[PDB]
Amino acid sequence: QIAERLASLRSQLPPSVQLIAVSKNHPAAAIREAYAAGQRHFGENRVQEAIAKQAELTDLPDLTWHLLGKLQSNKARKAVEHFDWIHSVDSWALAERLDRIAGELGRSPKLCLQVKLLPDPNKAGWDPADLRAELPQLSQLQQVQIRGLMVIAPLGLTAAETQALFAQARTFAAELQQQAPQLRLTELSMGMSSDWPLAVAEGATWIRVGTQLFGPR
């Protein structure tokens, strides 16, 4: 039924939205089945779990891997080696480090900046004013491609609160784009299994769906 859930979900998305199939807590065989249904973008929250899966998927030539979880400095080199996108960039120090590493490795990861717009004790994220302050410095990084913002809803929001959070993410990104015209801030990484339709309606370009596609762990 992975193939059926994928087709059902894709039929609903406009061309502007790409789906990331979030395979965290599912094995390589799940990913293989999604791929046979035409899925190419997969998301993981742990670097080592993705490294292991990648070693079991040598049959898949054209995967794009997205890192969705908190990235500490001790996994930064592996992150840059093994992921195409890193959505969870939540600080200047991390951004600067990824940029130096990417230089040394000859890679150019595509990054989203993970921004905290509402209180959430479960997730890290940039303070909006801290992010406005660092934009000149982020603008000058040469070895990463900063492409957008990532926003994750605090647990237990209502539909209406979620809808307003995603709208706020859209408007904040536009404000940053105006303040940093060097940045190609074209993306909004938002929406998961329960709220992706709200995210799409407010301008998401990447949605991140796990459970609705793969079922539970």
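For every residue, the number given is its place in the sequence shown, counted from 1.
Looking at 155-163 and 174-182 together, the entry lists the larger mean B-factor for 174-182, computed on C-alpha atoms. The PDB entry records a higher mean C-alpha B factor for 131-139 than for its counterpart among 131-139 and 94-102.
Remark: of 69, 43, 191, 27, 27 shows the highest value [criterion: C-alpha B-factor in the PDB entry]. In this PDB entry, residue 15 carries a Cα temperature factor that places it within the highest third of its chain's modelled residues. In the PDB entry, a CA B factor belonging to the lowest third of its chain's modelled residues is recorded for residue 87. Annotation for residue 147: CA B-factor lies in the middle third of the chain's modelled residues.
For residue 57, the recorded CA B-factor ranks within the highest third of the chain. Only modelled residues enter the ranking. Placement of the Cα temperature factor of residue 37 within the chain: highest third of the modelled residues, per the deposited record.
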